[PDB]
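Have a look at the structure below, then the notes.
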Amino acid sequence: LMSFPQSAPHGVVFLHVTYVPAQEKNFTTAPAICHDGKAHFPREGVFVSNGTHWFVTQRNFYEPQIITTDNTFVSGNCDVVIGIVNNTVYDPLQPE
Amino acid sequence: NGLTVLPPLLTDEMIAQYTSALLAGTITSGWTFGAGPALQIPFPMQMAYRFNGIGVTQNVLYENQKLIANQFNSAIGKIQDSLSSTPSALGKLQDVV
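Protein chains in written order, with full-length UniProt numbering: chain A, 1049 to 1144; chain B, 856 to 952.
Written as structure tokens, this is what we have:
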């Protein structure tokens, strides 16, 4: 994150402030989601599954969010990606 | 005549174990084993993270994983064949000795 210098006799001492993750949990992951016949890939994050539902969260922190159209992009069909799962993709335009 | 060579502290077995541990951490945790706890992650997702880091979308890997694995295997085989055939590959260590 950042470092603070400190003076020392014939030297220098750095106070390196680092980000160390902790309290990790296991989750089921999938490379892509197939809802409208085409595959979906996260722009920033990774798919996670708590056993019953699927969510999208960042890599360095657990923040489960609904799989919306704004968080993923469409590229190719579903019969190419190995390990793709079937899950619905929320579209913000339909309810509005 | 007094010239005596001392053996190193870490033997070849310990260096091999360290190398195997580094390799296992790299293939099972990506870059998280060095920054903190070893977070397990599939290799076809570590490769996707690497591609996203080099500026390539992850769909390229998710569509050409087979070709990329074949190219990696062929490259490893060619490296092994070059190390087996070319004797001057490790010339620096031999020159030091």
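Ideal placement from N, C-alpha and C gives every residue a C-beta, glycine not left out.
Handout entry: When A/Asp1118, A/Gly1124, A/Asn1098 are compared against A/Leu1141, the one with the closest alpha-carbon
Key = Taking only the C-alpha atoms, the option nearest A/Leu1141 is A/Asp1118.
Practice task
Look at A/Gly1093 and A/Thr1105 and say whether their C-beta atoms are less than 7 Å apart.
Solution key: Yes.
Exercise for the section: Count the CB pairs spanning the stretch 858-872 of chain B and the stretch 1131-1138 of chain A that are closer than 8 Å, and state whether there are at least three. Expected result: Taking one beta carbon from each stretch, the stretch 858-872 of chain B and the stretch 1131-1138 of chain A have fewer than 3 pairs nearer than 8 Å; the two do not touch.
Exercise for the section: Give a yes or no on whether the minimum CB-CB distance between A/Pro1112 and chain B is below 7 Å. Expected result: By the rule that beta-carbons nearer than 7 Å mark a contact, A/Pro1112 does not touch chain B.
Practice task
Within its chain, find whatever has a CB closer than 7 Å to the CB of A/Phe1089; leave out the 5 residues flanking it on each side and keep chain order.
Solution key: Result list for A/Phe1089: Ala1080, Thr1120, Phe1121, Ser1123, in chain order.
Problem - Status (buried if at least 16 other CB within 10 Å, exposed otherwise) for B/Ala930 - result: Exposed: under 16 other Cβ atoms inside 10 Å.
Problem - Own chain, CB closer than 6 Å to B/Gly885, minus 5 neighbours either side, in chain order - result: Correct list, in chain order: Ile896, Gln901.
Exercise for the section: Classify B/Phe898 as buried or exposed, calling it buried when 16 or more other Cβ atoms lie within 10 Å of its own Cβ. Expected result: Burial call: exposed.
Practice task
Within 10 angstroms of the Cβ of A/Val1129, are there 16 or more other Cβ atoms? Answer buried if so, exposed if not.
Solution key: Result: buried.
Practice task
Determine the direct distance from the alpha carbon of A/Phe1052 to that of A/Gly1131, and round the result to whole angstroms.
Solution key: Approximately 46 Å, taken between the alpha carbons.
Exercise for the section: Please decide whether A/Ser1097 counts as near chain B, where near means a Cβ-Cβ distance under 7 Å. Expected result: So, not an interface residue.
Practice task
Output, in sequence order along the chain, the residues in the stretch 916-929 of chain B whose CB is closer than 7 Å to any CB in chain A.
Solution key: Cβ contacts with chain A: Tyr917, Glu918, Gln920.
Exercise for the section: Could you tell me which uninterrupted beta strand (DSSP E) segments, each at least 3 residues in length, are contained entirely in the stretch 1057-1129 of chain A, listed from first to last along the chain? Expected result: As far as the stretch 1057-1129 of chain A is concerned, its whole beta strand (DSSP E) runs of at least 3 residues are 1059-1065, 1086-1090, 1094-1097, 1102-1105, 1120-1125.
Problem - Collapsed DSSP secondary structure at A/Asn1134 in the structure displayed - result: Strand, per DSSP.
Problem - Neighbour flag for B/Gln935 against chain A, beta carbons, 7 Å - result: With 7 Å as the cut-off, B/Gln935 does not count as an interface residue toward chain A.
Exercise for the section: Closer than 9 Å by beta-carbon distance: list the chain B residues that pair up with A/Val1129, in chain order. Expected result: For A/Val1129, the neighbours in chain B by C-beta distance under 9 Å run, in chain order, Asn914, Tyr917, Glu918, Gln920.
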